[PDB]
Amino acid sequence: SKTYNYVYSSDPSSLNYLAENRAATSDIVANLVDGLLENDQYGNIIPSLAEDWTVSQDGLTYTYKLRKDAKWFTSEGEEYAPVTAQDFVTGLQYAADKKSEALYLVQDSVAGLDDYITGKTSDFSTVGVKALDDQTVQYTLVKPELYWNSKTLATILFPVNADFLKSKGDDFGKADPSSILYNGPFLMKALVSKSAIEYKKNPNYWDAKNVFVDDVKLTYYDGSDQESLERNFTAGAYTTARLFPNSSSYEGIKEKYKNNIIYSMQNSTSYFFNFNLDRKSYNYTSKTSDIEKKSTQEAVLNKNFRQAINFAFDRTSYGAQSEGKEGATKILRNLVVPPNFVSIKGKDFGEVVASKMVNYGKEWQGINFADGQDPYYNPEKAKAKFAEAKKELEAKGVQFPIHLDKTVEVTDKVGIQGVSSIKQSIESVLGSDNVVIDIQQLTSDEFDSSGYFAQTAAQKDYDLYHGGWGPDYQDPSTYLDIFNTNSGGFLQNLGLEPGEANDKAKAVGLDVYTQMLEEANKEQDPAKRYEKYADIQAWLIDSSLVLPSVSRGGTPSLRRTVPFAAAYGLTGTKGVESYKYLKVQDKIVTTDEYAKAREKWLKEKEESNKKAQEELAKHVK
């Protein structure tokens, strides 16, 4: 049989795909539960549980016909029940009742849903999801959304069987394979914390013909043994291996695999640094006095200070820590929205953002937002902005240097080198009499509970954070909404809570940012809409409330996977996250073989995208 063997690095807090917005959950559930639609190898949206669909002429009513052979299975593979339209009613009501962390995807879109969530109504029958019959689910929206179908690839719109959900109660969706039912390509055979994730092909899945591996086995990787990836690939145990050009082992690796190193493309997941604008927790700090803590609290609210950090942060040096000197720039990402995420009359989003920067000050003159280069690092500009910040901050009694805590996992050797790089860059440019980056090396549990898995803003224990966003649907709002003060998914990472904007949020202008988002969202013409979102992205770059850093992809690997066999998606959870479509082979792929396959894929993608646009018109009814 055919097996894929590699590693994983993030244990999930749960399998609750209806309540979670973390990739630690959806990366797993992508393989276990299907929704209405999915992706092909080219990023087109194709049938999944829904074999057909229509949209009304006014754009408000979407109706999906579910295929009759789709079933729910237990973790052991036994059939539980057919998938029915009611399962989509159940899923949305459960997501609403549980206050899902991904509710922003649906709460302002589905008719009646906001009223139900906020208690203006108590009757879910007034909410715009209905099972018209066992095979037909109908959604009613508040306003047209050309990106609505792309939202169905997000797990909050996935179904759940109501009887199973009732039987499980509070046990539903725990980190245990028996806590959910399965209707997707795989069953989960093992889920062991800090050890293993194992998938087994479900032979009775409706689309089993498109599952080309029988088993997927992932061993836990904590970052302490980066050479283990190539070592186990060469030993024949892993199907692929990410390469680390800084290793002492790399010279021998590049000689042995001179014709096999493959670089991936940068993808739509964007990372950035942000500041904690309202820090409450100080378990992990080098500050020892209230004056230091209050000084840092003031500094992060100062725009000139944030801009000075931005201009002092050498992204090339940062990327070199993981990619080596020659690949250092291959991972660089300079906006939250990828520069090619959308186009406006033939011009990419990033070029439009650059043109909007003309109105945000001389410090942005000539900026270029293309991937793969560093347009931010500029020591002279950083020093000048810092001088302005220092005058403003000293007048408030702020003490210098400003100490900024950044966390990192003690086992994450490459991550330690990355954070050491930012410390060296910022302190070298601005002076350690002005800024100190204090690196806090934490255990796994401490790192989790003070960051990604912290449950409130008050538990965020750092001054600087380095997280990222993967897009949920095909519109710039998926990225730019994450900082809005009403419901932004990234607010807690900034130390803020969704709701009324507090004095810290207003001090940095996030109330104004939120009003801008509301106005842009009303625009229905794509070109005008995207231009308004480009101005919003420009505002955010200027605010330096985010410091764009890197993307996923752009990295070297060795591979025994078949090039371009897997699903690909610009947004959602049904692309690279899924082991459906993926194929393995005996031969180690060569760089030349991969390049030939890539050119074929690029060409076919354009052809297939054009066909997919023509297929769309047939669905208007």
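From 1 onward, residues are counted along the sequence shown.
Per the PDB record, of the two stretches 151 to 159 and 134 to 142, 134 to 142 carries the greater mean B-factor over its C-alpha atoms. Stretch comparison (416 to 424 versus 86 to 94) by mean CA B-factor in the PDB entry places 416 to 424 on top.
Of the candidates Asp371, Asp463, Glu531, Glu101, the PDB record gives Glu531 the highest C-alpha temperature factor. Looking at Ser543, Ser549, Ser289, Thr269, the one whose CA carries the top B-factor in the deposited record is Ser289. For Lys166, the recorded CA temperature factor ranks within the lowest third of the chain's modelled residues.
Annotation for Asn44: CA B-factor lies in the middle third of the chain's modelled residues.
Looking at the C-alpha B-factors along this chain, the one for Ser13 belongs to the middle third. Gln613 sits in the highest third of its chain by CA B factor, as recorded in the PDB entry. Per-chain ranking of the deposited C-alpha B factor places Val29 in the lowest third.
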